[PDB]
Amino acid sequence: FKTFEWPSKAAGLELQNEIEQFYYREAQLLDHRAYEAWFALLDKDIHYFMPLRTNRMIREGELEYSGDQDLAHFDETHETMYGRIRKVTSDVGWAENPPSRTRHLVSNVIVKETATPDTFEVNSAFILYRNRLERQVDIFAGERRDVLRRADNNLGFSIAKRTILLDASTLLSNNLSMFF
């Protein structure tokens, strides 16, 4: 996947702010389980992808991430995300009932200027703290790469792509009942 190609023309403070604020707004939605409103932020052409990651020798570094013809943790369009939302809000979805207590701590937000006006590629680091039941604690760290198109919504933006690069080979958690 390589180093995020940040724009050398450092993004405007005005926009830098509303992009970060959007993510914080989005984080607030996810941790408070407002799934209906969080889904609405995803455009029709959305690609929700989270590849597998492997231990590779330096000489075989290009094969670290699973490809677009491989299995992955997540590889979702619009109708596939829709299905997950139906489950995650469901009363008979017992992986999230009782609900988990989660924290989406978000920083390292980089917004990228493209040629298209009102479209900006966005990188972010995250730590996701998952506590559930009595004593289960799952800690996740990684990055999220997004496109983001300027919209007239409550959060100010819509998501048309999300790639989650997780910092794990074998997943130390029993499941991924949460959203990243």
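Each residue number is its position in the shown sequence, starting from 1. So that the term is clear: the rigid core is the largest set of C-alpha atoms that superpose within 1.5 Å between two forms.
Colleague: With everything overlaid on the rigid core, name the stretch, 115-123 or 133-141, whose CA atoms wander farther on average in 8 other deposited structures of this protein.
Modeller: The stretch that sits farther from the shown form in 8 other deposited structures of this protein is 115-123.
Colleague: Using only the Cα atoms and their B-factors as the entry lists them, report which of 141-149 and 36-44 averages higher.
Modeller: Mean CA B-factor is higher for 36-44.
Colleague: Highest mean C-alpha temperature factor of the two stretches 114-122 and 58-66, which is it?
Modeller: Averaging CA B-factors over each stretch, the winner is 114-122.
Colleague: Is the Cα B-factor recorded for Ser169 in the lowest, middle or highest third of its chain?
Modeller: According to the entry, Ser169 has a C-alpha B-factor in the chain's lowest third.
Colleague: Can you tell me whether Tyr24 has a C-alpha B-factor in the lowest, middle or highest third compared with the other modelled residues of the same chain?
Modeller: CA B-factor rank for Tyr24: lowest third.
Colleague: Which third of the chain holds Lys87 when residues are ordered by C-alpha B factor: lowest, middle or highest?
Modeller: Within its chain, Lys87 is a highest-third residue by C-alpha B-factor, going by the deposited values.
Colleague: Relative to the other modelled residues of the same chain, rank the CA B-factor of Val106 and answer lowest, middle or highest third.
Modeller: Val106: CA B-factor falls in the lowest third of its chain.
Colleague: How does the C-alpha B factor of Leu155 compare with the rest of the chain: lowest, middle or highest third?
Modeller: Its C-alpha B-factor, which the entry lists for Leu155, ranks in the highest third among residues of this chain.
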